[PDB]
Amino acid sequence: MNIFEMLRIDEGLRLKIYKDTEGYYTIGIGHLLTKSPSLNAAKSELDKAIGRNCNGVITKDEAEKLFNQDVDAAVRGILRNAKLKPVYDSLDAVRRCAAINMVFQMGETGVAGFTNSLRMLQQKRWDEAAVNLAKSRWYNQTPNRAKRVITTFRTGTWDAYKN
């Protein structure tokens, strides 16, 4: 397992515009298009992202390329962030995947309230971090996915994804 396989499991693959768990237009492997309620706005974002007139539909190759760009953007966002980078660099490779997963799902802004969780992770207080991570809108709104990510932080194994 690696970050691509992990997020492919968590996000699925859909080749036509769909709505994410928050109701926002999305495509591919969890690629957010827009928070606007306008499907036309989402279609414009899609065409800009792919470089052709897509009519709301992409190929698997295009979905996988967007996904690679999105994973890389999450990593670079962590590495450019003075609060996230030191914690990320303190983690082992499996837990770094859990970190990328959260930033992919919520962005840097969405993880801003996780200050106490970040401290517990940097301190390697895994059980305490797991308890703290679950006290979140994130966990309450997407509990099965959050449980998998939290188990990855708690154990440093892929057990939640193999199971």
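Numbers for residues come from their place in the sequence shown, where the first is 1.
Of the other entries compared for this protein that flank it with modelled residues, a third or more give no atoms for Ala112. Higher mean CA B-factor, judged across 117 to 125 and 95 to 103 from the recorded values: 117 to 125. For the pair 105 to 113 and 29 to 37, the record assigns the higher mean C-alpha temperature factor to 105 to 113. Per the PDB record, residue ranking by Cα B-factor puts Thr59 in the highest third of the chain. Per the deposited record, the Cα B-factor of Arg148 falls in the lowest third when ranked against the other modelled residues of its chain.
Among the modelled residues of its chain, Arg137 has a C-alpha B-factor that falls in the lowest third according to the deposited record. Remark: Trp158 belongs to the middle third of its chain, ranked by C-alpha B-factor as recorded. Residue-level temperature factors show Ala82 in the highest third of its chain, judged at the C-alpha atom.
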